[PDB]
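The chain below stands alone, shown as structure tokens; this is the form deposited in one PDB entry.
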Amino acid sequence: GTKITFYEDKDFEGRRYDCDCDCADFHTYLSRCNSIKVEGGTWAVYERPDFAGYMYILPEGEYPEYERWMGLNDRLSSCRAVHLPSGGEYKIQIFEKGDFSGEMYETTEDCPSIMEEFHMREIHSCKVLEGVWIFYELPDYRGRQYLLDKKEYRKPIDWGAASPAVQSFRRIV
């Protein structure tokens, strides 16, 4: 019973498209997205069809301009609802090299700068043992966003990234 509404202009103006289930392609219904209203739960929204391109994670709320979801442009074309467990334990394993190789670290806590904490600038694979997490390109949860809502990620492309650069990560609660 969650819903997301996309508006072409800022401040919830202009033509609109709404999604109540997952939508793999609404680029023919909206030329651009400059504000969003999210109801009922948390959504992942994507620049290109079929959940491709830049992605952004939006909790319930009102977003009058794309900066409010750290958007890179006003282009969105697909979206899916994020299923969050009832606030249990959260646990993630990050790896120095692809395919779960190299050095590994396991944590239960948000990390606003992984260099100071794990002495890595990059994460080349990961296993999400419990919970749902977000990787960020820059420290303090800034820059590009990548949703980790599955279990195993063998290489960065599996979380939608072109490179293993990750500098912070946190749980979705």
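Sequential numbering from 1, following the sequence displayed. In this text, the rigid core denotes the largest set of C-alpha atoms whose superposition between the two forms falls within 1.5 Å.
As recorded in the PDB entry, 117 to 125 is the stretch of 117 to 125 and 52 to 60 with the greater mean C-alpha temperature factor. When the modelled residues of the chain are ordered by their C-alpha B factor, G160 lands in the lowest third.
The entry lists a Cα temperature factor for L30 that places it in the middle third of the chain's modelled residues.
When all modelled residues of the chain are sorted by CA temperature factor, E109 is found within the middle third.
Per-chain ranking of the deposited C-alpha B factor places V82 in the middle third.
Remark: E47 belongs to the lowest third of its chain, ranked by C-alpha B-factor as recorded.
The protein also exists as the form deposited in another entry; that form is not presented, and the subsequent description refers to it.
Here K97 counts as shifted, since its C-alpha moves by at least 2 Å between the shown form and the other one after the core is aligned.
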